[PDB]
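Shown next, in C-alpha cells, is the structure this report addresses.
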Amino acid sequence: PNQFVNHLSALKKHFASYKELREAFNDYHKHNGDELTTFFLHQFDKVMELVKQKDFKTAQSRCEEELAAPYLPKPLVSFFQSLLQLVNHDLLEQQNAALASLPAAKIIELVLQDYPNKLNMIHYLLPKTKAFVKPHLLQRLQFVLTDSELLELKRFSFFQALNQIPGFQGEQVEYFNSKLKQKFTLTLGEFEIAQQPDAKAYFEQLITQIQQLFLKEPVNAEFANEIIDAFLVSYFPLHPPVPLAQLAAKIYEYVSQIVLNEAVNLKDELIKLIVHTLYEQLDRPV
C-alpha cells in the first residue's frame with residue numbers, strides 16, 4: 001500500500017536504469033550487510049525477477065508493499081521508490097507503445113489529453129535521463145497545478161512527480177490548493193514533500209502523536225496513518241485549520257471506534273475527517 005509521510009526528508013538520488021540501482025544497493029549491502037539489509041536486498045531481487053519476466057503489474061504491487069512495511073529502514077526507502085519508478089515507466093510503455101520513441105514535449109501532450117485522466121502518464125518521464133526533459137517544458141504543465149476544479153489528490157500526485165524530474169530541479173512553480181483557497185510558489189527537486197516550515201512541523205508532530213496513542217495497536221496505527229496522509233495531501237503545502245492535538249484525538253477516536261462502534265457524524269471533526277479520509281482520496285493508479 002505504501003505511504004506519503006514515510007520520508008519527510010531531502011530529494012532521493014536519481015536512477016535512470018535498473019543496473020545503476022542494482023549496483024548502488026549491492027554496495028550499500030557491502031557496507032551495511034546486517035539482517036534487514038540482507039532481507040530487503042533479497043526482496044528487491046524478487047521484484048527484479050518479475051521485471052525480467054515483464055510481469056510489470058505484479059512487480060509494481062510487490063514493490064509498493066515493501067515500501068509499506070514499517071520495518072523498512074530509512075536509507076532503503078529511496079532504493080525501492082527508485083525501483084517503482086523504473087517499473088511504472090516499463091508498465092506505461094507496454095500499455096502505450098507509442099511512448100517508446102517520443103521526445104519529452106510529445107509525451108507531455110499525451111499526458112494532457114483527456115485532461116484529468118492520463119495525468120498518471122507523467123510517471124514515464126521520471127526514470128529518464130537528467131537531460132531528457134528541458135526546463136522550458138515546465139510552463140506547459142503549470143495550468144494543471146493551478147486548476148481550481150482539480151481534486152487535491154490528483155494535483156498533489158502530479159506535483160510529486162514533477163518534483164522528481166531532474167530537468168526541473170530548482171525550478172519554481174505556482175500551486176493552488178482549493179481547500180486553503182490560495183496559491184503558493186514552490187521549488188521543485190529540493191525536498192521529498194516540500195511543505196512550508198509550519199506545516200512540516202505540524203505533520204511531524206501529528207505523526208508522532210498518533211504513533212504514541214497507538215503504541216499497543218500497530219494495525220490501528222496504519223489506519224490512522226492513512227487519515228494523516230489524506231490530510232497531508234488535501235492541504236499539501238500547509239496543514240488543515242485544526243488544533244493539532246484535536247486532530248490526533250479525533251483520528252484516534254475515529255479508527256478506535258470503527259473497529260465496531262458508531263462514530264459521531266454530528267462532530268465537525270469526524271465530519272471533515274470523513275469528507276477527506278478517502279472520499280476525496282481515491283484516484284486511478286498508474
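If you're wondering about the labels, chains in the C-alpha cells are A, B, ... by order shown, residues count from 1 in each chain, ligands from 1 in order shown.
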
Excluding same-chain residues fewer than 6 positions from residue A:118, what lies within 10 Å of it counting only C-alpha atoms, as an mmCIF file with N, CA, C and O atoms, in the first residue's frame?
data_model
loop_
_atom_site.group_PDB
_atom_site.id
_atom_site.type_symbol
_atom_site.label_atom_id
_atom_site.label_comp_id
_atom_site.auth_asym_id
_atom_site.auth_seq_id
_atom_site.Cartn_x
_atom_site.Cartn_y
_atom_site.Cartn_z
ATOM 1 N N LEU A 110 0.503 13.857 -24.708
ATOM 2 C CA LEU A 110 -0.356 12.728 -24.382
ATOM 3 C C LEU A 110 -0.860 12.811 -22.937
ATOM 4 O O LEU A 110 -2.010 12.479 -22.655
ATOM 5 N N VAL A 111 -0.002 13.285 -22.035
ATOM 6 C CA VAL A 111 -0.355 13.403 -20.625
ATOM 7 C C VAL A 111 -1.491 14.394 -20.371
ATOM 8 O O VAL A 111 -2.243 14.245 -19.417
ATOM 9 N N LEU A 112 -1.637 15.378 -21.253
ATOM 10 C CA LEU A 112 -2.669 16.393 -21.092
ATOM 11 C C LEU A 112 -4.017 16.136 -21.768
ATOM 12 O O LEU A 112 -5.008 16.760 -21.402
ATOM 13 N N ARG A 284 -7.399 6.704 -9.825
ATOM 14 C CA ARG A 284 -6.865 5.596 -10.603
ATOM 15 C C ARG A 284 -5.326 5.511 -10.507
ATOM 16 O O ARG A 284 -4.615 6.491 -10.749
ATOM 17 N N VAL A 286 -1.360 4.184 -11.461
ATOM 18 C CA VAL A 286 -0.636 4.073 -12.725
ATOM 19 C C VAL A 286 -0.941 2.743 -13.427
ATOM 20 O O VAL A 286 -0.449 1.693 -13.027
#

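For residue A:87, the residues within 9 Å (counting only C-alpha atoms, excluding itself and residues fewer than 6 positions away along the chain) are residues 51, 56, 57, 59, 60 and 63 of chain A.
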
Convert the current residue selection to file output with C-alpha atoms, as a PDB file, in the first residue's frame.
ATOM      1  CA  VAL A  51      10.783  -7.273 -14.112  1.00  0.00           C
ATOM      2  CA  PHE A  56       5.352  -5.344 -14.502  1.00  0.00           C
ATOM      3  CA  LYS A  57       1.885  -5.047 -12.976  1.00  0.00           C
ATOM      4  CA  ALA A  59       6.350  -6.035  -9.955  1.00  0.00           C
ATOM      5  CA  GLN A  60       4.585  -2.804  -9.039  1.00  0.00           C
ATOM      6  CA  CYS A  63       7.408  -3.061  -4.730  1.00  0.00           C
TER       7      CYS A  63
END

- [ ] Find the spatial neighbours of stretch 180-183 of chain A, counting only C-alpha atoms, within a cut-off of 8 Å - ignore same-chain residues fewer than 3 positions away - and output them as a PyMOL selection string.
- [x] chain A and resi 146+174-177+235

Writer output for current selection, N, CA, C and O atoms, as a short mmCIF file (atom, residue, chain, number, x, y, z; two decimals), in the first residue's frame:
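Okay, this is what ended up in selection_7.cif:
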data_model
loop_
_atom_site.label_atom_id
_atom_site.label_comp_id
_atom_site.auth_asym_id
_atom_site.auth_seq_id
_atom_site.Cartn_x
_atom_site.Cartn_y
_atom_site.Cartn_z
N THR A 146 -2.64 24.75 -11.04
CA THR A 146 -3.44 25.89 -10.57
C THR A 146 -4.91 25.78 -10.92
O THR A 146 -5.64 26.76 -10.80
N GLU A 174 3.81 27.52 -9.54
CA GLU A 174 2.67 28.01 -8.79
C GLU A 174 1.81 26.79 -8.47
O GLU A 174 1.61 25.90 -9.31
N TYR A 175 1.29 26.73 -7.25
CA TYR A 175 0.46 25.62 -6.82
C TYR A 175 -0.75 26.15 -6.07
O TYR A 175 -0.62 26.86 -5.07
N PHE A 176 -1.95 25.80 -6.54
CA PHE A 176 -3.16 26.27 -5.91
C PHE A 176 -3.94 25.19 -5.16
O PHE A 176 -4.43 24.24 -5.77
N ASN A 177 -4.06 25.34 -3.85
CA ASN A 177 -4.81 24.37 -3.08
C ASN A 177 -6.24 24.91 -2.91
O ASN A 177 -6.44 25.99 -2.35
N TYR A 235 -4.25 19.33 2.01
CA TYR A 235 -3.83 20.66 2.42
C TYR A 235 -2.36 20.83 2.07
O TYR A 235 -1.75 21.84 2.46
#

Open item on the list: Ranking A:70, A:11, A:5, A:17 by minimum distance to residue A:206 and counting only C-alpha atoms, which one comes first?
Closed with: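 For residue A:206, the nearest of the given residues is A:5.
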
Task: Picked from stretch 3-107 of chain A by DSSP as alpha helix (DSSP H), as a PyMOL selection string - done: chain A and resi 18-29+36-52+56-66+74-95+104-107
